[PDB]
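Visitor: Below you'll find the sequence and an experimental structure to go with it.
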Amino acid sequence: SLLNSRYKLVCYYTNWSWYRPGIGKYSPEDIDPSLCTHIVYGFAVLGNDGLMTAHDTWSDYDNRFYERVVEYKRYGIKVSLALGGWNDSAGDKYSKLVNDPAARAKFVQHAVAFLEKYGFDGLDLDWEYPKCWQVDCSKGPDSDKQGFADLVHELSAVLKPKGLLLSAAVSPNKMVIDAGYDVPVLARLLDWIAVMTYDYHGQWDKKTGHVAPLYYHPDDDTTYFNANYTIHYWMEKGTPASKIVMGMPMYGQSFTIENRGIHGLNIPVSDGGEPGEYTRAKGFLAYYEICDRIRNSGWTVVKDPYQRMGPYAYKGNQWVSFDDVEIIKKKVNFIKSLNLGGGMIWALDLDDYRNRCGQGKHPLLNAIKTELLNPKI
Ligand SMILES: CC(=O)N[C@@H]1[C@@H](O)[C@H](O[C@@H]2O[C@H](CO)[C@@H](O[C@@H]3O[C@H](CO)[C@@H](O[C@@H]4O[C@H](CO)[C@@H](O[C@@H]5O[C@H](CO)[C@@H](O[C@@H]6O[C@H](CO)[C@@H](O[C@@H]7O[C@H](CO)[C@@H](O)[C@H](O)[C@H]7NC(C)=O)[C@H](O)[C@H]6NC(C)=O)[C@H](O)[C@H]5NC(C)=O)[C@H](O)[C@H]4NC(C)=O)[C@H](O)[C@H]3NC(C)=O)[C@H](O)[C@H]2NC(C)=O)[C@@H](CO)O[C@H]1O
Ligand SMILES: *[C@@H]1O[C@H](CO)[C@@H](O)[C@H](O)[C@H]1NC(C)=O
């Protein structure tokens with residue numbers, strides 16, 4: 001059992017995975033409580049009044065999704081509420097919050113009251129990101145860095161005496177870490193730091209690449225866009241290994257390549273991949289969408305034999321990179337070799353939780369659990 005091991009397994013739950021057809025539908029009651037130590041609810045958002053509020057009142061309040069996920073505290077799981085996420089981070093509203101001490105002070109007392117109203121064990125900060133709003137470092141003032149660290153302090157100072165948790169999901173990008181994160185404050189005050197060691201590559205690159213390389217690979221354009229560098233950078237900036245939980249994607253980045261004859265790594269790309277039937281977003285595919293394309297639509301799989309990264313798969317002008325059970329066992333032995341706090345997945349509902357592909361229910365997340373519980377490194 002994961003609850004009696006030295007590792008965390010932090011699972012993100014997403015309230016919008018309810019709005020999916022057929023087998024893609026995911027509800028609170030689909031959470032498998034033997035697969036996580038911590039569940040993080042994505043996402044609450046920052047309202048116009050500068051206070052945390054439900055992103056989707058229909059599901060969160062009227063259909064009691066908050067209460068239905070906080071349910072799993074009954075199995076010994078810690079359930080936190082995440083604030084922010086990519087789409088809530090598009091503007092300046094978090095920056096206006098953290099640069100204003102009176103707004104932070106109001107925000108903080110209300111936030112803790114919100115968490116306790118619904119029974120949450122903690123808060124997860126997912127502002128993407130201080131200074132580099134949606135990764136654009138020219139957007140935010142440098143004082144976002146100190147503002148966010150002061151927010152984290154002011155949150156910790158009220159949460160910690162109550163026994164409540166404070167964590168954050170943070171960029172894997174060297175440039176964002178340098179510009180927006182006061183790493184020693186974060187490392188000292190957070191119960192864990194969920195490093196989002198994925199989305200290194202995607203349609204924005206105008207070229208094919210892997211969503212989540214583990215190690216540097218010789219054809220890479222940078223030495224720093226891989227989990228191994230990102231994890232060592234966080235520790236080098238001052239993070240104790242035990243605070244790091246390493247992010248792993250349950251989904252793939254998809255691309256439309258510019259001609260179907262070329263189909264390897266780093267080949268030109270005109271757009272994101274075609275949207276999946278269930279996730280309905282150009283540019284990505286859930287693992288259960290990918291594994292079905294491979295098993296039944298004849299997509300070809302190319303594994304990396306050096307095992308610096310997971311596979312990619314292509315058909316015609318469609319190309320997707322993703323993690324398979326093999327690279328995940330490698331990532332988890334890596335987690336164990338560095339004595340990291342544990343692993344994190346984005347997200348429960350993107351793994352093959354219905355066993356649509358014949359490898360078992362939740363093949364990726366079971367692979368993580370099994371490797372985390374295996375004593376050999
Ligand atoms: C260009 C240049 O000059 N420089 C480049 C750099 O750009 C480049 O850096 C890269 O830059 C890209 C951005 O272009 C970054 O990509 C971002 O990476 C982040 C990770 O650090 C991602 O954020 C985290 O992880 C996940 C993704 O894995 C995030 O998930 C996303 O979350 C949002 C919510 O915030 C989800 O949005 C939900 O979307 C669905 C639609 O799909 C909505 O669904 C609808 O719901 C309503 C009701 O609610 C319903 O009625 C509708 O029917 C329904 N519709 C459908 C179709 O279903 C939801 O409502 C909505 N939810 C909310 C709350 O709004 C989104 O789907 C989800 N995506 C996935 C795949 O799950 C999550 O927020 C983050 N948190 C955590 C804990 O994981 C971010 O996703 C990603 N952005 C994009 C655009 O992909 C790269 O990180 C960055 N890389 C690096 C290394 O920095 C660099 C490097 O390449 O190079 C420079 O030079
Ligand atoms: C991982 O990173 C560290 C420091 O950046 C480096 O010393 C080590 O050799 C890297 N491992 C691989 C396999 O690239």
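Guide: Received the coordinates, thanks. Numbering: from 1, shown residues only. Ligands and ions are numbered 1, 2, ... in the order given.
Visitor: Spell out which parts of the chain neighbour ligand 1.
Guide: 12, 16, 19, 43, 55-56, 85-88, 126, 128, 135, 169, 171-173, 196, 198-202, 204-205, 225, 251, 280-281, 284, 346 (C-beta under 6 Å from any ligand atom). For every residue, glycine as well, the C-beta is placed using N, CA and C.
Visitor: how much space is there between residue 5 and ligand 2?
Guide: 25 Å (C-beta to the nearest ligand atom, to the nearest Å).
Visitor: can you tell me which residues contact that residue?
Guide: 372, 373 (C-beta atoms under 8 Å, 6 or more residues apart in numbering).
Visitor: and whichever residue of the stretch 51-200 of the chain sits closest to ligand 1, what does it touch?
Guide: Using C-beta to the nearest ligand atom, the single residue of the stretch 51-200 of the chain nearest to ligand 1 is residue 85, 2.9 Å away. Residues near residue 85 by C-beta under 8 Å, 6+ apart: 42, 43, 45, 126, 128.
Visitor: hmm, back to that, now a PyMOL select for only the buried ones of the residues of the chain next to ligand 1.
Guide: A single PyMOL command selects the buried members of the residues of the chain next to ligand 1 (16 or more other C-beta atoms under 10 Å):
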select buried, resi 12+43+55+56+85+88+126+128+135+169+171+172+173+196+198+199+200+201+202+205+225+251+284+346
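Visitor: Tell me which of the residues of the chain next to ligand 1 fall in strands.
Guide: Among the residues of the chain next to ligand 1, DSSP state E puts 12, 43, 126, 169, 251, 284, 346 in strands.
Visitor: From the chain's centroid, how far away is stretch 158-171?
Guide: Stretch 158-171 has its C-alpha centroid displaced from the chain centroid by 17 Å (C-alpha atoms, centre = their mean, to the nearest Å).
Visitor: ok, back up a step: go through the residues of the chain next to ligand 1 and flag which are in helices.
Guide: Members of these lying in helices (criterion: DSSP state H): none.
Visitor: mind checking how far residue 24 is from residue 165?
Guide: 30 Å (C-beta to C-beta, to the nearest Å).
Visitor: TSV for the contacts of residue 85, including distance to residue 63?
Guide: Shown next, in TSV, are the contacts of residue 85 (distance: C-beta to C-beta, whole Å):
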residue	distance to residue 63
42	16
43	16
45	17
126	22
128	27
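Visitor: Neighbours of the closest residue in space to residue 122 that isn't next to it in sequence, how many?
Guide: The shortest distance from residue 122 to any non-neighbouring residue, by C-beta to C-beta, 6 or more residues apart in numbering, is to residue 165 (2.6 Å). Residues lying near residue 165 (other C-beta atoms under 10 Å) number 22.
Visitor: No further questions, thank you.
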